[PDB]
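To keep things clear, I will list the structure first and then write my remarks on it.
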Amino acid sequence: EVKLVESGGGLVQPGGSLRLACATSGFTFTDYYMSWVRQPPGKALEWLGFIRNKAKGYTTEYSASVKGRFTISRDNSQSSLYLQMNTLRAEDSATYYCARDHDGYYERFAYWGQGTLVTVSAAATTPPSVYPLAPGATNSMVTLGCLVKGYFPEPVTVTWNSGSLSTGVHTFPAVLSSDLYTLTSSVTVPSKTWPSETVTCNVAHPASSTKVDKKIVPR
Amino acid sequence: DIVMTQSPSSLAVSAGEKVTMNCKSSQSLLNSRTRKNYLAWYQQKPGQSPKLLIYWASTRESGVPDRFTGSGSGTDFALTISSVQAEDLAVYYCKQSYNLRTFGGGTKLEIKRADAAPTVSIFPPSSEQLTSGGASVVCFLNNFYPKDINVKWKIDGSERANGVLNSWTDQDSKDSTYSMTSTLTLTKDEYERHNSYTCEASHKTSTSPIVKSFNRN
Ligand SMILES: C=CCO[C@]1(C(=O)O)C[C@@H](O[C@]2(C(=O)O)C[C@@H](O)[C@@H](O)[C@@H]([C@H](O)CO[C@]3(C(=O)O)C[C@@H](O)[C@@H](O)[C@@H]([C@H](O)CO)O3)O2)[C@@H](O)[C@@H]([C@H](O)CO)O1
Ligand SMILES: [Zn+2]
């Protein structure tokens, strides 16, 4: 099981600086180039740089867009990869991936991390309020939701019954208004299963270390 | 400077049908030393990380279905999907690794399917939000096709458009539908001055609008 995991992402002031991390495992870290790739929400992937393998001296190269301003390093005893970002602007706001790169032969990014989201804003970390969307109607199925309102920055995660409600879920893209995000998540279950069996939304906002469970009770 | 450019920007196609998308390089990606074209294709499903489909232009990565074929040489490349499936909804990226690395702008593949009508659900403010001074009325238009749709909010039989924010989802990977939220945000005070709250979904699947409403009491 090759795994790549980015961390260090979150809210940063414009002009500020930030270091991201990429933890790797399940392959000989030292034999591979590793690259960093970013992506503004709704936009395209931009390659930022790589660091070569052992055989090639762990040397770095950068794209013209961030060259002289971003810095890649690796910890070969830990199988870790870093990106150091300086003098940030809102253009730098993006999900950042680390990807396994060249091994000396293959020309592919065979594996990618899940990405960590960076938001460059003077706005402040605001935790979310979480509201229960309870109905009542009737039908053979019933729809419930949670309203996640007034948080900053992105992202939040929403699960239902701790992930054991996986189908019938629609989590909607957040909308920004007056520097705050609001999104909702819907779940559809058999009318027969609710409210006999409980339905709970679990919302997380790691920027503010917020964790909320919200049980959906009949009004 | 190797600029990568992709075509088209977006297209929809029915399941079972064939898709070709193109990738152009500002110079040849043909390594003369190795006789391989350094061009890779990555598939990025909604909310997912990119995953590798093809490398050296035509080489399928293990696990990838034969439905996907990478073709081309020099400056012009193509990812063809022989029989498109509901799960192929994604943005596709080509990437050169001949002078460092550079991604194209991507092709967004959407899936055409039969028209479908939205399931509409309306939700009054929670007692929790109310006591804090706010009142959000939420309406879910779920699992409809196609994406173009209209919501009208009616308070006490009168249309209102202030404080209505709407949000569409990506296409579903299983059934190729869209869903959308319409959220009407009031103060508790305004919410209490009126008694009837109505969400109206108008969509090409019907001449008659789907209406969901609740009374404050
Ligand atoms: C620098 C002397 C000449 O190097 C070559 C040549 O370019 O003619 C290629 C060189 O290839 C190898 C090797 O040493 O076996 C393997 C090859 O796959 C690469 O790893 C290269 C380099 O390490 C460069 O790779 C990169 C880079 O680091 O910038 C990244 C790659 O993904 C790709 O972009 C290459 C690009 O295609 C240029 O090569 O650049 O090293 C080797 O074949 C020697 C040969 O022994 C003669 O000296 O020739
Ligand atoms: Zn009024």
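Values below: every heavy atom of this structure, side chains too, minus hydrogens, waters and symmetry copies. Convention: sequence-line order gives letters A, B, ...; per-chain numbering from 1.
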> Aromatic ring centroids of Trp153(B) and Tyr197(B) under 6.0 Å?
Replying inline: no
> Do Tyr55(B) and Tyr38(B) have ring centres separated by under 6.0 Å?
Replying inline: no
So does [X] pair up with [Y], basic N to acidic O under 4.0 Å?
X        : Y         : result
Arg60(B) : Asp66(B)  : yes
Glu61(B) : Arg108(A) : yes
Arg38(A) : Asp92(A)  : yes

> Among all residues two or more places apart in sequence or in another chain, which pass the ring pair (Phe, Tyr, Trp, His ring centres under 6.0 Å) test with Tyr33(A)?
Replying inline: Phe50(A), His102(A)
> For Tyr131(A), what residues pass the ring pair (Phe, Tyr, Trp, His ring centres under 6.0 Å) criterion, not counting sequence neighbours?
Replying inline: none
I need the minimum non-hydrogen distance between [X] and [Y], along with the two atoms involved.
X         : Y         : answer
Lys214(A) : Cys146(A) : CB-SG, 4.1 Å
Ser185(A) : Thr171(A) : OG-OG1, 3.0 Å
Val66(A)  : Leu48(A)  : CG2-O, 3.6 Å
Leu133(A) : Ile216(A) : O-CG2, 4.0 Å
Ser186(A) : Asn142(B) : OG-ND2, 3.4 Å

>> I need the full list of ring-ring contact (aromatic ring centres under 6.0 Å, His included) pairs touching residues 4-24 of chain A, with sequence neighbours left out, sorted by first then second residue.
In response: none
> Side-chain contact, heavy-atom cut-off 4.5 Å: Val142(A) with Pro135(A)?
Replying inline: yes
> Would you say the side chain of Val12(A) lies within less than 4.5 Å of the side chain of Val118(A), judging by non-hydrogen atoms?
Replying inline: yes
> By salt bridge (charged side-chain N to carboxylate O under 4.0 Å, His left out), which residues pair with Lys24(B), not counting sequence neighbours?
Replying inline: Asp76(B)
> How would you list all residue pairs meeting side chain to side chain donor-acceptor pair (under 3.5 Å) that involve residues 119-129 of chain A, not counting sequence neighbours?
Replying inline: none
>> Per the side chain to side chain donor-acceptor pair (under 3.5 Å) rule, what does the pair list look like for residues 100-124 of chain B, sequence neighbours excluded?
In response: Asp101(A)-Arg101(B), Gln96(B)-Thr102(B), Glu110(B)-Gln171(B), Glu110(B)-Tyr178(B)
Will you find, in the side chains of [X] and [Y], an N or O donor that is under 3.5 Å from an N or O acceptor?
X         : Y         : result
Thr116(A) : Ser7(A)   : no
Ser182(B) : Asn166(B) : yes
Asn143(B) : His170(A) : yes
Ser206(B) : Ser208(B) : yes
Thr181(B) : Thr183(B) : no
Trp47(A)  : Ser35(A)  : yes
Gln39(A)  : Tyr97(A)  : yes

> More than 12 foreign heavy atoms under 6.0 Å from CG of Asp189(B): is that the case here?
Replying inline: yes
> In terms of heavy-atom contacts, does CZ of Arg69(A) have more than 12 from other residues, nucleotides or ligands at under 6.0 Å?
Replying inline: yes
> Relative to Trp168(B), does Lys147(B) satisfy both conditions: NZ or CZ under 6.0 angstrom from the six-membered ring centre, and within 45 degrees of the ring's axis?
Replying inline: yes
>> Donor-acceptor check, side chain of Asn161(A) to backbone of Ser164(A), threshold 3.5 angstrom: yes or no?
In response: no
> Relative to the ring of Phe103(B), is the ring of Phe109(A) parallel (under 30°), tilted (30 to 60°) or perpendicular (over 60°)?
Replying inline: perpendicular
